[PDB]
Every structure is written in structure tokens, then in C-alpha cells.
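Okay, here we've got a single chain as C-alpha cells, the form deposited without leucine, with questions on binding and movement later.
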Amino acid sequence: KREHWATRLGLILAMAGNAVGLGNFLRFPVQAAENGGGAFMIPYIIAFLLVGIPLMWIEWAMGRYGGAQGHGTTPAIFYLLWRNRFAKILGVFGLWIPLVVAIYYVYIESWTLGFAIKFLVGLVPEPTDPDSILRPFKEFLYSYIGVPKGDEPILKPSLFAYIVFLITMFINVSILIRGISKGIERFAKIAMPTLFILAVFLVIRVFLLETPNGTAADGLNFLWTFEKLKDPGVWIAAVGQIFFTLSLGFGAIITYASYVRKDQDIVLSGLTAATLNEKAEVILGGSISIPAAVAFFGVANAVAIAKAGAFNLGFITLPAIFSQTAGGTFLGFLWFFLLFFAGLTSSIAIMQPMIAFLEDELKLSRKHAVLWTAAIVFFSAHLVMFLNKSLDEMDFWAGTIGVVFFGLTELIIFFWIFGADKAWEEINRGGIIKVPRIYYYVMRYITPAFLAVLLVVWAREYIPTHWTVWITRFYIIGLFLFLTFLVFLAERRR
């Protein structure tokens, strides 16, 4: 009937693996560094317990419920929880958001593969002061991406970058066309321990760094210790970070859970996978980028450096640091290959909702479903590769506002429209362990308030222009119109 996860471990590794690629290998330190160290940890762990842990369980319960019904996509599951025609249109978001993200994320996943190859081969620029070293790497990334000089709205991507984009798309297709058990699960069971050893090695190797300008021990000292706690800005930063910590709102959790059998546990399994992301992110992610950045530029600059961006830190600053340390070019290969494997576990997960839609609703073969999903993602990506602000616009609508708005939609449908006490049964059913019943009050009231707070602060910021962003808006609007036509074509089949 429906493909199911062969192993309980592989299910956890695959579920843990999708949030691994969502930046947090380098993303947590930047968001920390902006908020400082032990400042960030208190709202962030609190947000992890208050928002991520409940909302994750909400996503698991919705997906498995749909799997028994035979649907792993949001438009159908929303209709099962809420028998209303507006629910299917809202469901298109949970199909729209991962698709738009996939369009721009797989291309970023190519950059790690292309760099790793160039670092492996040694085709890397090699040069006291920060500006002397960072410029040859800024140009190296910019030549690769094809970023134009200054303002110009057209990118000239490298042929090498384009050839790698074909290879990158192909590798996903290879993993996806095999299915859940022989594709994602086999790869997750391979990729996740590969990431552990790579991170642990890098963490140990980063730990030994020391320069006349600073010491990597001070970078760790930075990460662990008001009045930032009193400043409302930090609570905003941590909650949005939890979404990427656990891949909430992207709809990836809902789809993977649909392949869980009707009576298998989600409580212990989801908590475990949620814990794996935390340990990887707090320990392995925190002890690489910032401690290395602090060791070379001093404690003060890395904070200012991290404010510039994660790409500057991840794709320019960190590779420049490795070039100066002893061996050296090899570390750059590891760091980017580490990012590439993490991207694979996520890119295969972020394209799964679209694939499951074609199989479940349009009754396409998985071979056809994967290839038509790959074609949509590959074709649309040309918009991201050649338009200057296109990547940023999609990431703002799908990756930022959308994931928060969609998570808030999940709670209201599953815990309010569906019936909270009805839903509490679905979370804990077949659970090896079962949720503490304090969360019933948190899932019902405390968690939705926080998601509501997050949306209004951004609306306060963004309720009040380059032309190229309108093309990107116009395009993703059509995608939503297109996916609505597919929900319409599928609802008229029966």
C-alpha cells in the first residue's frame, strides 16, 4: 500500500538529518554571535522546550494520521483534520513552502560540492591583516556565484558552478528515485554517522588553533556567558532559530511521518531525533566556526564578522582561516564536504512533499514523481542563478515568514479545529513513552502565543525597490497558483 521505514534507527537518523542541513552546522553560532553567548542559550533552549518540542510532535502526529489515510501532503491532511474547502487552499502552502525552498536550497548545496572539489584538487586562492586574506576568497566565491560588480541585476554563474548544479540535482534524484527505504533511509544511515565523525574531527582540530591575535578557547568562552534577556529582541531571534533547528513549518516532518506505520511510536522517536539536532547544533556546530573565527580575528571582531553573514563566515571567512593553518587545504575539503552531505539529507527531504503529492494525489509512479519534481526544481532554479535578489526574496517568503505562519496553522488545525483532546490521543498513541501532560497546556495556549508574537513583530517591521524582486514574487505566486491547479486536478479525480 504505502512505503514504510524499515528501521526505527534509520527513521530517527533520516528525521534528524533533514534539519542538519538547514544551516545549523554554521547557523547557530551566527545567530548566537549576534546575540552573544550565554545570552542566546537561555531563550533558545527555552524556545526549544516551549515551541520546537511541542510543534515537532504536532507535525509527527499529523503526518502519521495522514499516512494511515494514505496522504503524506498538507492539502489532503488539512481536509481530514478540517472538512472545509478553505483548508485545501491553505494546504497548498505546505506544498508551496518546501518547493520554493528547494528551488534555492539545492543551488546553495551545489556551492559546497563545487568548493569541496576545488579544495580537494587544490584549485583554491592562496595568499597578517583580515582584509588582505579575505578579498581573494570573497572574489573566489563571487566569481563562482557570478555576483556582478556592485548593483547590476544579472548574475554570470560559472560554467563549473552550472555543471555542478546538474551533478547535485542528479545525486538527489539517485537517492529519491529509490524511495524511502532503499533511498533516504539507506543514505541517512550512511550520512549521519559520516557527519558525526567529520564534525567531531573538525571540532578537535579547530580546538587546537592558536594565533597571536587570539585563541580558539576564547571563542568557546564567548558562546557560554541579561540585560539582553530583558531586551525583547533576543526572544525573537531564538524562536525563529528553533524552526531551522528542527525543520518546523517546512512540512518535511509531516511527509516523513506519513511513512510511519499506524501504531508505531512518535513520542520517543521524535524527541530522540529532536535531541540529535540539539546535540549536533549546540556542540558540533558551536565549536567549529566561531572558535576558529575568534582564534584568528580576536573575540571582538568575530561578533562583528558574524553580523556580516553566514555565507561570509561559512564560504569566505572560514576557508580563509584554513588556508593559513597547517593542512590546511584539507580542512576546507572537510568543512564543505560536511556541508554538502548535510545538504543532501535536507535537499532530499525538502523535495519529498512534492514527490509524495504526485504519488498520493495524482497517482504518478515514483519514478515519474521524482523526475517531474526534479524538473520543476531544476527549471525554476535558473531564476535564482541569474537574478541578483531572487535567492533573498524566496528565502524571505518561503524560508522565513512562511515557515512560521505555517507552523501556526498546524497548531490551530490540529489542536483547535480538530479538537485538542482528540489530538492528544493521536500524539501519544502507541508511544513507548508518552508526553508530559504539562505540554497539553503549552501546545494549546503557550506555543500558539509565541508563534503569534513572532508574526506581528515582523509585520510591524515589514508592513511598510529593485525591479528584479517583482519577477521573483510574480514567479512564486504562479507556483502557488500552479500547485492549486494540481490540488484541483487531483480533487476532481475522485
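Start at 1 and count along the sequence shown; that's the residue number. We call the rigid core the largest set of C-alpha positions that still match within 1.5 Å between the two forms.
Although it is not shown, the form solved in complex with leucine is what the next lines describe.
- The site on this chain is blocked, since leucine, superimposed from its pose in the deposited complex on the surrounding C-alphas, has 3 or more atoms within 2.4 angstroms of backbone or C-beta atoms.
- For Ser346, a non-hydrogen atom is located within 4.5 Å of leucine in the deposited complex, even though that partner is not displayed.
- Mapping the unseen interface onto this chain, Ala292 falls outside it, with no heavy atom inside 4.5 Å of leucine in the deposited complex.
- In the deposited complex, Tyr259 stays away from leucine, with no heavy atom inside 4.5 Å.
- The closest non-hydrogen atom of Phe250 lies within 4.5 Å of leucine in the deposited complex.
- Once the core is superposed between this form and the one not shown, every option in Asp421, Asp263, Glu139, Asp231 stays below 2 Å in C-alpha shift except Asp231.
- For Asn35, the Cα coordinates differ by 2 angstroms or more between this form and the one not shown after the core has been superposed.
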